[PDB]
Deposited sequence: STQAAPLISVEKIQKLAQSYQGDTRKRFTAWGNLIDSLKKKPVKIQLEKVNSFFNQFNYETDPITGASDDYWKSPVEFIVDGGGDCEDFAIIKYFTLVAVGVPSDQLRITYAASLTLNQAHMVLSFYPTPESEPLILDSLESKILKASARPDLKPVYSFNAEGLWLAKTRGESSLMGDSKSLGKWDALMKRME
C-alpha cells in the first residue's frame, strides 16, 4: 500500500531546483506540521494548501484529463485536474494520520456543470454524511449541502464502492489507472 513520507519528500526536493524544489519542501513541511493536530484542521489545511495549485482541464471537453497523476507528478507539474487534486489530498491526509478507511476519493456527476467531477470525501463514521473536499469550492461542506454532486463510485488504497442505487467492496486494483498510479508510487 503505497506511501508518502516526509523523508521521501525531502530527498525528492533535492533532485529538483527552483520553485519545484520549494514545492516539495512546502509539501513535506505541511505533512510535518499537521501530525497530531485536530482532524478538522488536518482536513482544512490539506484542502487549502492544494487548492492553490494549477487547475487543469481538457481543452476540448472542459472536463478531466484521461491520465491520473501520482502526488509526485502533481507536485512536479505544479497542478493537475480535479481528479489529481483529490488524489494528492487523499495521500497527504493519510500521511498526516487520518485513517485511510475514513477517506474515499469520489467520482461524482456534477448536475450543474453537466460533466463528471471528482472530490475527496471524508467520513466521520461509515454511516455519517461525508464532508466534501473540493477543488472548485474552498469550503468543506456536507454531502447534503452539495446537491450539485451526485456520487457514482468511490475508492481508496484498499477498496472500491459503488454508490447506492454497507455494500460489496470491490478490489481497488480493478481501476486500471488507479492500480497503475499506485505502482508508479512504489
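Missing from the model, relative to the deposited sequence, are the ranges 1 to 4, 170 to 172.
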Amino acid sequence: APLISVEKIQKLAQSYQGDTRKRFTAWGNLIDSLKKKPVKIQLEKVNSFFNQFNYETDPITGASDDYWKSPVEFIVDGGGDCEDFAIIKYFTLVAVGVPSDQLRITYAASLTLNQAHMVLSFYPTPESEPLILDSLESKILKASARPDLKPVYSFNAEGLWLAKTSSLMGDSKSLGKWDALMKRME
From here on, numbers count along this sequence of modelled residues.
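The deposited model assigns a higher average Cα B-factor to 68 to 76 than to the other stretch when 68 to 76 and 104 to 112 are compared.
Legend: mean Cα B-factor per stretch from the PDB entry, 33 to 41 versus 59 to 67; the higher mean is in 59 to 67. When the CA B factors of the chain's modelled residues are split into thirds, the value for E129 lands in the highest one.
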